[PDB]
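Novice: Let me give you the complex in parts, starting here:
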Amino acid sequence: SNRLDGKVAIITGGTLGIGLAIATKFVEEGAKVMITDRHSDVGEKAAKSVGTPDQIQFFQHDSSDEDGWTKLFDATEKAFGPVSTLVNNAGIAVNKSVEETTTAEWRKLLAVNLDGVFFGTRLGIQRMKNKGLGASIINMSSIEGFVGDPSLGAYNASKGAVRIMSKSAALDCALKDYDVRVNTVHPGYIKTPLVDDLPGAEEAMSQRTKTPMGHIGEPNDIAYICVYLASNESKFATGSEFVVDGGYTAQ
């Protein structure tokens, strides 16, 4: 209760899975939230399921769309006042090795997972710096930002990029006294309706050779670390990686 009082958050890809749980817990903790998705059927349903428009709204946006990022911040500040918190959560995956990644697949995935995170982080710094907001940018950067997977080549590139680009941003903001922190969150495998629709994936993901806890996580597992990072509780944390993975990377 009240851990995000006063905060105004944008969460990209906030209508389902991890993003939706982040939104839910943020609203529970007193934040105002703008969620996005590139679609609208999903997004408008999503917001009302969490709360009332004074708490949470939807804005249609593809995170790879540079110009839209500006539309999104403007819409958020007009609904709720100056943005304090950005969660760059939107992402896609391609199930290909590096060897077999088409150039089109490469470019598409980097547009969302890398360019989108760059656009959001760059704009977030510009919009949030020097306002006494206790501003926090939280970039979703995966267990696949620490370890490779033979069938996630482009995804691995994007997540490693986000991991280290976020440190650069953290340092500049710290050195310049901007009152903006930048950190990454690295989920292991999490169970969502989308995973449930992939036959065998959860089981495959729950083998002890993958996730030592022998099961995968839930969306709220990622929501709670994001609450910590958005809150002023984490005012000395910047430039670091927060892993919530059931032990995946510990072995």
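Specialist: Cool, got the structure. Numbering: from 1, shown residues only, chains lettered A, B, ... in the order given.

Novice: Show me the beta-bridge partners of residue A:152.
Specialist: Residues in a beta bridge with residue A:152, per DSSP bridges, are residue A:96.

Novice: residue contacts, it?
Specialist: By C-beta atoms under 8 Å, 6 or more residues apart in numbering, residue A:152 lies in contact with A:93-96, A:144. (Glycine included, C-beta is placed from N, CA and C.)

Novice: Check those for burial and list the buried ones.
Specialist: By neighbour count, with 16 or more other C-beta atoms under 10 Å, these hold A:93-94, A:96, A:144 as buried.

Novice: could you list every residue that touches the most centrally placed residue in chain A?
Specialist: Centroid check for chain A by C-alpha atoms, centre = their mean gives residue A:89 as the closest residue, at 2.4 Å. Residues near residue A:89 by C-beta under 8 Å, 6+ apart: A:11-14, A:18-19, A:22, A:140.

Novice: What helices and strands are in contact with the longest strand along chain A?
Specialist: In terms of residue count, the longest strand belonging to chain A (DSSP state E) is strand A:180-187. With contacts taken as 3 or more C-beta pairs under 8 Å, 6 or more residues apart in numbering; DSSP states H and E, strand A:180-187 sits against helix A:116-128, strand A:135-140, helix A:153-175, helix A:219-230, strand A:241-244.

Novice: throw chain B on there as well:
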Amino acid sequence: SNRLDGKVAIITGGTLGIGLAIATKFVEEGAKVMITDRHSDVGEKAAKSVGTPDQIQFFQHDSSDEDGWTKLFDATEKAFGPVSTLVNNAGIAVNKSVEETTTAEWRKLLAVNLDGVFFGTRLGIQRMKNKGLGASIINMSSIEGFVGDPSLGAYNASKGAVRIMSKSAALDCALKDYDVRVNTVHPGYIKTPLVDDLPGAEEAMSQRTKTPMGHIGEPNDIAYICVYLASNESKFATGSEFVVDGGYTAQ
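Specialist: Okay, chain B now, added to the rest:
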């Protein structure tokens, strides 16, 4: 409020600095707490300053004392019921390079910082496993578990040891379904009364080449990450490292 309802925690070195703030926030969040120190003058004063005996008590113990560790768990369970949470926070430092570390200094520091953490972790697993407690062992493992410092040789050894031993314990507990998580917390430099008594240390620590944020942290910065790790909010986090360092390790 209520984030640690029902929890019963031991915090070693809990009478001052980071340990005391961990204790304070744990009690605020509903945990019962036993704090320790090798002394008693410090420890008894400390507990009453946080709360009443039904909330927090003191037990005299040197974490290097293997037999005492057993006394400590027994005293905690008799005061508050079965222990769910252990914070291995007690530690010492020697201001010596590897080159100049005496063997006596080496052994003394390893006894507290390494053996003590081993004794606590081993006993904690044995006492906490298989009770449905949502048990959590939180080992204090430093920025000096990631990077070296030329004048902290033995300290660096101990912190690197804790970092990886904790992963071993996390994995075994996960694989065996023990309902015990093990994680490490890695503070950067934190401002305490002890640091205040070391002329020039905070300033030295606040240079941008050391801490990018240009200042050092406060004890509550470490308390809040410990609340997250002790709580069931972090039920999917095991075997990982949580860094709160003002950017120190990001550059």
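
Novice: ok chain B is in now, so what about the contacts of residue A:152?
Specialist: Shown in contact with residue A:152 (C-beta atoms under 8 Å, 6 or more residues apart in numbering or on different chains): A:93-96, A:144.

Novice: ok, for the residue in the stretch 1-150 of chain A that chain B sits nearest to, nearest residue in space, not its chain neighbours?
Specialist: Minimum separation of the stretch 1-150 of chain A from chain B (C-beta to the nearest C-beta) falls at residue A:1, amounting to 5.6 Å. Distance criterion C-beta to C-beta, 6 or more residues apart in numbering or on different chains; nearest residue to residue A:1, sequence neighbours excluded, is residue B:1 at 5.6 Å.

Novice: what about that neighbour, how many residues close to it?
Specialist: 10 (other C-beta atoms under 10 Å in any protein chain shown).

Novice: buried ones in stretch A:179-193?
Specialist: A:179-192 (16 or more other C-beta atoms under 10 Å in any protein chain shown).

Novice: if I look at residue A:150, how far off is residue A:96?
Specialist: Distance, residue A:150 to residue A:96, by C-beta to C-beta, to the nearest Å: 10 Å.

Novice: again, but for residue A:174
Specialist: 37 Å.

Novice: Just want the phi and psi numbers for residue A:141.
Specialist: phi -120, psi 10 (degrees, to the nearest 10).

Novice: Chain C goes on too:
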Amino acid sequence: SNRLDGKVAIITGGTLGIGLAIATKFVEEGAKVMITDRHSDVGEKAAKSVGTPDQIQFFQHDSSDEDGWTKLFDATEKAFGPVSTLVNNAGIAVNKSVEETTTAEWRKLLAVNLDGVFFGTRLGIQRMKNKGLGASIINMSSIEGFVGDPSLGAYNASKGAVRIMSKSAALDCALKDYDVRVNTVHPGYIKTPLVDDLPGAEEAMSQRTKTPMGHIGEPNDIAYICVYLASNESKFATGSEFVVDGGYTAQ
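Specialist: With chain C now in place:
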């Protein structure tokens, strides 16, 4: 002597600095080498300075040019026989924070440093797999793939991407028995004619707060780790990072 007997190597950006030293030592150790640069004035001079055309040749190529990558492998195999070794060394830097990185700067740097390395790695796997060559892909991935720098935002993104994408490729090649290894090399600061032309850079780079050894490296420092990685001496090394940095990342 003879440590790369029989090997056929492509080195991108091989006409100056680190690339030229890699080429020089590779030829000394018995490899045949094709060096590249996006220019030709630099490239043709470079090759003759190292050896005769039966040892080393130049091919004009911008590593961001996908179609050219195919031209480059074909020219190398026609000069020297099937390629066994690829060093993805070409790279550029932008001296900008994330905050101030223009989109054009972002795209240009990613085209060379990320897309170029992807194109080379993908093609290298396809061309080298399953030929008994003891094939090795060596991706230049920087100290800036481990730590951030506030004024190298895009560069940091690219180097973190290369670091982890390389692990993906390593794993797929290992799992599929391709006889291709993939590793990254992470130079600290190295002294070259280009650094010499940047007033104050070497000195700035030699401060103990940057490079503990108190001086920067030389091109051969990177050449020698590349010889090891190209040779069959390193037949069990894949998916890992080889840092040669004067202590930069150790503190």
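
Novice: and the contacts of residue A:152, now that chain C is part of it?
Specialist: Taking C-beta under 8 Å, 6+ apart as the contact definition, residue A:152 lies against A:93-96, A:144, C:168.

Novice: Can you get me a residue count around the closest residue to residue A:122 other than its chain neighbours?
Specialist: Leaving aside its chain neighbours, residue A:122 sits nearest to residue C:98 (5.6 Å; criterion: C-beta to C-beta, 6+ apart). Other residues within reach of residue C:98, judged by other C-beta under 10 Å, total 28.

Novice: quick one: residue C:98 and residue A:164 touch, right?
Specialist: No. At 10.9 Å, residue C:98 does not count as touching residue A:164 under the criterion of C-beta atoms under 8 Å.

Novice: returning to what we had before: direction included, what does the longest strand of chain A pair up with?
Specialist: strand A:135-140 (parallel), strand A:241-244 (parallel).

Novice: was I right about residue A:103 contacting residue C:66?
Specialist: Yes. Assessed by C-beta under 8 Å, residue A:103 is found in contact with residue C:66 at 6.4 Å.

Novice: Give the residue from those two that has the larger number of neighbours.
Specialist: Neighbour tally, residue A:103 and residue C:66, criterion other C-beta under 10 Å: the higher count belongs to residue C:66, 18 against 12.
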